[PDB]
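Please read the structure below before turning to the comments.
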Amino acid sequence: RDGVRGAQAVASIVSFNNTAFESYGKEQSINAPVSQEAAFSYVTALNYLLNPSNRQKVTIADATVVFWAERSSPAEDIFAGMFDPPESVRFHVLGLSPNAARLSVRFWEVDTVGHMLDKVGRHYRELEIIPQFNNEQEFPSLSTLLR
DNA sequence: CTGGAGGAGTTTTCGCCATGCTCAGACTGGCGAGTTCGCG
């Protein structure tokens, strides 16, 4: 509920529980070396970002999406980007999906603006038609169309 | 002949919620000008 949705109670990104996944005679996490404090750091950061109290998380389809910058109010409006369609690093975007007890990365972007017009823009421009009344609204919501 | 055990195979413990309406008309509008053949 308060973490990655649909995954096991405790999940991990790195794990080598089965022999088929080992190589060169290594074993366990030693199969990929990382300093202990470094491992702690990013895990804590990821846990923090997952906290619902901080408005930097959103669920789309099956994948949970997390983003961060020095400010987040505009990107947070992507909530309507699907719910009701219309110095610091800027807008890292990460989307991951859950396996049974381990996580996988779906996509990864670092672009600015946050534009998704590639599909939405095409989607809307395909729907263009002159209206009948003068008081109609240009951008109908999917709910209205389906109804 | 018996041991210790490294490896292969099976069982246990882990922790455990949520998303929200709507709503209305126009308009009235006039095409074009034409010519047929002819003996034994």
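If you're wondering about the labels, chains in the structure tokens are A, B, ... by order shown, residues count from 1 in each chain, ligands from 1 in order shown.
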
Exercise for review: Residues of chain A near chain B: apply a cut-off of 9 Å, count only C-alpha atoms (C1' of nucleotides), and supply the list as an MDAnalysis selection string.
Suggested key: chainID A and resid 1 8:10 132:136

Exercise for review: Pick out the residues sitting within 7 Å of range 87-103 of chain A, and hand them over as a VMD selection string; count only C-alpha atoms (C1' of nucleotides), and ignore anything fewer than 5 positions along from it in its own chain.
Suggested key: chain A and resid 6 to 8 11 to 13 62 to 70 108 to 112

Go ahead and write the selection's residues with N, CA, C and O atoms as a compact mmCIF listing (two decimals), in the first residue's frame.
# COMPACT_ATOMS: atom_id res chain seq x y z
N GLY A 6 1.47 -3.85 -5.36
CA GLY A 6 1.34 -5.19 -5.88
C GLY A 6 2.53 -6.10 -5.66
O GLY A 6 2.48 -7.27 -6.06
N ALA A 7 3.61 -5.61 -5.05
CA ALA A 7 4.80 -6.42 -4.87
C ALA A 7 4.78 -7.13 -3.52
O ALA A 7 3.89 -6.92 -2.68
N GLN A 8 5.78 -7.98 -3.31
CA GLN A 8 5.91 -8.68 -2.04
C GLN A 8 6.16 -7.69 -0.91
O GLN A 8 6.57 -6.55 -1.14
N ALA A 11 10.89 -6.39 -1.01
CA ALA A 11 11.44 -6.68 -2.32
C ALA A 11 12.81 -6.03 -2.43
O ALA A 11 13.21 -5.23 -1.58
N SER A 12 13.54 -6.37 -3.49
CA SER A 12 14.88 -5.86 -3.68
C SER A 12 15.16 -5.74 -5.17
O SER A 12 14.51 -6.38 -6.00
N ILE A 13 16.15 -4.90 -5.49
CA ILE A 13 16.57 -4.75 -6.87
C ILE A 13 17.64 -5.76 -7.22
O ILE A 13 17.65 -6.33 -8.32
N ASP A 62 0.06 -0.26 -14.63
CA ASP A 62 0.64 -1.18 -13.67
C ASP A 62 1.88 -0.62 -12.98
O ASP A 62 2.21 -1.06 -11.88
N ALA A 63 2.56 0.34 -13.60
CA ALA A 63 3.82 0.83 -13.08
C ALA A 63 3.61 2.03 -12.17
O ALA A 63 2.81 2.92 -12.47
N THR A 64 4.35 2.06 -11.07
CA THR A 64 4.38 3.23 -10.21
C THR A 64 5.49 4.15 -10.68
O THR A 64 6.59 3.70 -11.02
N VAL A 65 5.21 5.45 -10.71
CA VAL A 65 6.12 6.44 -11.28
C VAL A 65 6.59 7.37 -10.18
O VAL A 65 5.78 7.84 -9.37
N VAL A 66 7.89 7.63 -10.15
CA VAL A 66 8.49 8.56 -9.20
C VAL A 66 9.33 9.56 -9.97
O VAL A 66 9.98 9.22 -10.96
N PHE A 67 9.30 10.80 -9.50
CA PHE A 67 10.03 11.88 -10.15
C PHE A 67 10.54 12.82 -9.07
O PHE A 67 9.98 12.87 -7.97
N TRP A 68 11.58 13.58 -9.39
CA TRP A 68 12.09 14.54 -8.43
C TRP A 68 12.86 15.64 -9.14
O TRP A 68 13.47 15.44 -10.19
N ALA A 69 12.80 16.81 -8.52
CA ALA A 69 13.55 18.00 -8.91
C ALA A 69 13.63 18.87 -7.66
O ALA A 69 13.32 18.41 -6.56
N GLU A 70 14.03 20.13 -7.82
CA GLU A 70 13.93 21.07 -6.71
C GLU A 70 12.51 21.57 -6.50
O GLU A 70 12.23 22.19 -5.47
N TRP A 108 12.97 4.95 -18.41
CA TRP A 108 13.83 5.87 -17.69
C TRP A 108 14.10 7.09 -18.57
O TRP A 108 14.67 6.95 -19.65
N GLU A 109 13.71 8.27 -18.09
CA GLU A 109 13.84 9.50 -18.85
C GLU A 109 14.39 10.60 -17.95
O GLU A 109 14.21 10.58 -16.73
N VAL A 110 15.05 11.57 -18.58
CA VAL A 110 15.60 12.72 -17.86
C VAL A 110 15.24 14.01 -18.59
O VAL A 110 15.85 15.06 -18.36
N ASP A 111 14.25 13.94 -19.48
CA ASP A 111 13.90 15.09 -20.29
C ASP A 111 13.22 16.17 -19.45
O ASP A 111 12.73 15.93 -18.35
N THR A 112 13.22 17.38 -20.00
CA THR A 112 12.59 18.52 -19.35
C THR A 112 11.14 18.65 -19.80
O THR A 112 10.61 17.83 -20.55

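Going from CA of residue 35 in chain A to CA of residue 14 in chain A covers 13.8 Å.
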
Close residues, residue 144 in chain A itself excluded, 12 Å, only C-alpha atoms (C1' of nucleotides), min 4 positions apart in chain, as a PDB file with C-alpha atoms (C1' of nucleotides), in the first residue's frame:
ATOM      1  CA  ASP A  84      -8.761  13.364 -16.017  1.00  0.00           C
ATOM      2  CA  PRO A  85      -6.925  14.044 -19.281  1.00  0.00           C
ATOM      3  CA  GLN A 137     -15.565  22.443 -24.872  1.00  0.00           C
ATOM      4  CA  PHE A 139     -11.034  18.748 -24.880  1.00  0.00           C
ATOM      5  CA  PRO A 140     -13.525  16.091 -23.751  1.00  0.00           C
TER       6      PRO A 140
ATOM      7  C1'  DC B  21     -21.347  15.721 -11.287  1.00  0.00           C
ATOM      8  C1'  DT B  22     -22.376  19.768 -14.406  1.00  0.00           C
TER       9       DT B  22
END

Could you write out, as a PDB file with N, CA, C and O atoms, in the first residue's frame, all the residues of range 50-130 of chain A that DSSP marks as strand (DSSP E or B)?
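Result file is out_6.pdb:
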ATOM      1  N   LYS A  57       4.841  10.799  -6.016  1.00  0.00           N
ATOM      2  CA  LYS A  57       4.554   9.450  -6.476  1.00  0.00           C
ATOM      3  C   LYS A  57       3.183   9.428  -7.128  1.00  0.00           C
ATOM      4  O   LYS A  57       2.281  10.162  -6.718  1.00  0.00           O
ATOM      5  N   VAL A  58       3.028   8.581  -8.143  1.00  0.00           N
ATOM      6  CA  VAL A  58       1.765   8.457  -8.858  1.00  0.00           C
ATOM      7  C   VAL A  58       1.718   7.090  -9.519  1.00  0.00           C
ATOM      8  O   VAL A  58       2.741   6.554  -9.949  1.00  0.00           O
ATOM      9  N   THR A  59       0.515   6.534  -9.609  1.00  0.00           N
ATOM     10  CA  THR A  59       0.299   5.217 -10.191  1.00  0.00           C
ATOM     11  C   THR A  59      -0.360   5.357 -11.554  1.00  0.00           C
ATOM     12  O   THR A  59      -1.422   5.974 -11.674  1.00  0.00           O
ATOM     13  N   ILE A  60       0.269   4.781 -12.574  1.00  0.00           N
ATOM     14  CA  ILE A  60      -0.271   4.754 -13.926  1.00  0.00           C
ATOM     15  C   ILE A  60      -0.256   3.315 -14.408  1.00  0.00           C
ATOM     16  O   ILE A  60       0.786   2.652 -14.358  1.00  0.00           O
ATOM     17  N   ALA A  63       2.555   0.341 -13.600  1.00  0.00           N
ATOM     18  CA  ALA A  63       3.821   0.827 -13.077  1.00  0.00           C
ATOM     19  C   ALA A  63       3.612   2.033 -12.174  1.00  0.00           C
ATOM     20  O   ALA A  63       2.805   2.917 -12.469  1.00  0.00           O
ATOM     21  N   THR A  64       4.345   2.058 -11.067  1.00  0.00           N
ATOM     22  CA  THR A  64       4.383   3.230 -10.207  1.00  0.00           C
ATOM     23  C   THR A  64       5.493   4.154 -10.683  1.00  0.00           C
ATOM     24  O   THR A  64       6.589   3.696 -11.019  1.00  0.00           O
ATOM     25  N   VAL A  65       5.214   5.452 -10.711  1.00  0.00           N
ATOM     26  CA  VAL A  65       6.117   6.441 -11.285  1.00  0.00           C
ATOM     27  C   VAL A  65       6.587   7.370 -10.179  1.00  0.00           C
ATOM     28  O   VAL A  65       5.782   7.838  -9.366  1.00  0.00           O
ATOM     29  N   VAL A  66       7.890   7.630 -10.146  1.00  0.00           N
ATOM     30  CA  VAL A  66       8.486   8.557  -9.196  1.00  0.00           C
ATOM     31  C   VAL A  66       9.325   9.560  -9.967  1.00  0.00           C
ATOM     32  O   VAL A  66       9.980   9.223 -10.957  1.00  0.00           O
ATOM     33  N   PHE A  67       9.302  10.804  -9.502  1.00  0.00           N
ATOM     34  CA  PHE A  67      10.030  11.883 -10.146  1.00  0.00           C
ATOM     35  C   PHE A  67      10.536  12.823  -9.071  1.00  0.00           C
ATOM     36  O   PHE A  67       9.984  12.874  -7.970  1.00  0.00           O
ATOM     37  N   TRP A  68      11.582  13.576  -9.392  1.00  0.00           N
ATOM     38  CA  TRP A  68      12.087  14.538  -8.429  1.00  0.00           C
ATOM     39  C   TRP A  68      12.857  15.641  -9.136  1.00  0.00           C
ATOM     40  O   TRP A  68      13.471  15.440 -10.186  1.00  0.00           O
ATOM     41  N   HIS A  92      14.189  14.047 -13.123  1.00  0.00           N
ATOM     42  CA  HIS A  92      14.431  12.633 -13.358  1.00  0.00           C
ATOM     43  C   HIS A  92      13.118  11.881 -13.201  1.00  0.00           C
ATOM     44  O   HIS A  92      12.385  12.084 -12.232  1.00  0.00           O
ATOM     45  N   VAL A  93      12.816  11.013 -14.159  1.00  0.00           N
ATOM     46  CA  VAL A  93      11.586  10.233 -14.140  1.00  0.00           C
ATOM     47  C   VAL A  93      11.951   8.761 -14.211  1.00  0.00           C
ATOM     48  O   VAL A  93      12.711   8.348 -15.094  1.00  0.00           O
ATOM     49  N   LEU A  94      11.411   7.975 -13.287  1.00  0.00           N
ATOM     50  CA  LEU A  94      11.678   6.548 -13.210  1.00  0.00           C
ATOM     51  C   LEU A  94      10.364   5.805 -13.059  1.00  0.00           C
ATOM     52  O   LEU A  94       9.554   6.139 -12.190  1.00  0.00           O
ATOM     53  N   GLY A  95      10.157   4.800 -13.903  1.00  0.00           N
ATOM     54  CA  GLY A  95       8.979   3.955 -13.846  1.00  0.00           C
ATOM     55  C   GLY A  95       9.390   2.494 -13.801  1.00  0.00           C
ATOM     56  O   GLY A  95      10.131   2.022 -14.665  1.00  0.00           O
ATOM     57  N   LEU A  96       8.901   1.792 -12.784  1.00  0.00           N
ATOM     58  CA  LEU A  96       9.264   0.402 -12.566  1.00  0.00           C
ATOM     59  C   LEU A  96       8.013  -0.408 -12.266  1.00  0.00           C
ATOM     60  O   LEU A  96       7.006   0.118 -11.789  1.00  0.00           O
ATOM     61  N   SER A  97       8.096  -1.708 -12.552  1.00  0.00           N
ATOM     62  CA  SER A  97       6.980  -2.622 -12.407  1.00  0.00           C
ATOM     63  C   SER A  97       7.406  -3.793 -11.533  1.00  0.00           C
ATOM     64  O   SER A  97       8.587  -4.169 -11.537  1.00  0.00           O
ATOM     65  N   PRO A  98       6.480  -4.387 -10.780  1.00  0.00           N
ATOM     66  CA  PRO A  98       6.871  -5.423  -9.822  1.00  0.00           C
ATOM     67  C   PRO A  98       6.810  -6.829 -10.383  1.00  0.00           C
ATOM     68  O   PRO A  98       5.859  -7.183 -11.086  1.00  0.00           O
ATOM     69  N   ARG A 102      10.621  -9.321  -6.765  1.00  0.00           N
ATOM     70  CA  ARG A 102      11.715  -8.469  -7.198  1.00  0.00           C
ATOM     71  C   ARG A 102      11.185  -7.489  -8.233  1.00  0.00           C
ATOM     72  O   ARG A 102      10.141  -7.711  -8.849  1.00  0.00           O
ATOM     73  N   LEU A 103      11.915  -6.393  -8.411  1.00  0.00           N
ATOM     74  CA  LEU A 103      11.453  -5.264  -9.201  1.00  0.00           C
ATOM     75  C   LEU A 103      12.235  -5.156 -10.502  1.00  0.00           C
ATOM     76  O   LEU A 103      13.400  -5.550 -10.583  1.00  0.00           O
ATOM     77  N   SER A 104      11.577  -4.604 -11.519  1.00  0.00           N
ATOM     78  CA  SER A 104      12.170  -4.411 -12.834  1.00  0.00           C
ATOM     79  C   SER A 104      11.905  -2.992 -13.307  1.00  0.00           C
ATOM     80  O   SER A 104      10.875  -2.399 -12.973  1.00  0.00           O
ATOM     81  N   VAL A 105      12.831  -2.456 -14.095  1.00  0.00           N
ATOM     82  CA  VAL A 105      12.725  -1.086 -14.583  1.00  0.00           C
ATOM     83  C   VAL A 105      11.976  -1.092 -15.908  1.00  0.00           C
ATOM     84  O   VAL A 105      12.349  -1.810 -16.840  1.00  0.00           O
ATOM     85  N   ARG A 106      10.924  -0.282 -15.998  1.00  0.00           N
ATOM     86  CA  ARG A 106      10.135  -0.219 -17.222  1.00  0.00           C
ATOM     87  C   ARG A 106      10.731   0.773 -18.211  1.00  0.00           C
ATOM     88  O   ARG A 106      10.989   0.429 -19.368  1.00  0.00           O
ATOM     89  N   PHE A 107      10.954   2.008 -17.773  1.00  0.00           N
ATOM     90  CA  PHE A 107      11.513   3.039 -18.634  1.00  0.00           C
ATOM     91  C   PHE A 107      12.222   4.059 -17.761  1.00  0.00           C
ATOM     92  O   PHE A 107      12.097   4.045 -16.535  1.00  0.00           O
ATOM     93  N   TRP A 108      12.967   4.948 -18.410  1.00  0.00           N
ATOM     94  CA  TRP A 108      13.829   5.875 -17.695  1.00  0.00           C
ATOM     95  C   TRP A 108      14.102   7.089 -18.568  1.00  0.00           C
ATOM     96  O   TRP A 108      14.667   6.953 -19.655  1.00  0.00           O
ATOM     97  N   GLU A 109      13.712   8.268 -18.085  1.00  0.00           N
ATOM     98  CA  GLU A 109      13.841   9.502 -18.849  1.00  0.00           C
ATOM     99  C   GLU A 109      14.385  10.602 -17.952  1.00  0.00           C
ATOM    100  O   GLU A 109      14.210  10.581 -16.732  1.00  0.00           O
TER     101      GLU A 109
END

Exercise for review: Once DSSP has gone over the backbone, tell me which residues of chain A are in helix (DSSP H, G or I), as a PyMOL selection string.
Suggested key: chain A and resi 19-21+28-31+36-50+73-76+78-83+117-126+142-146

Exercise for review: Please provide as an NGL selection string all residues within 10 Å of residue 19 in chain A, with the sequence filter that same-chain residues fewer than 4 positions apart are discarded (counting only C-alpha atoms (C1' of nucleotides)).
Suggested key: :A and (23 or 27-28)
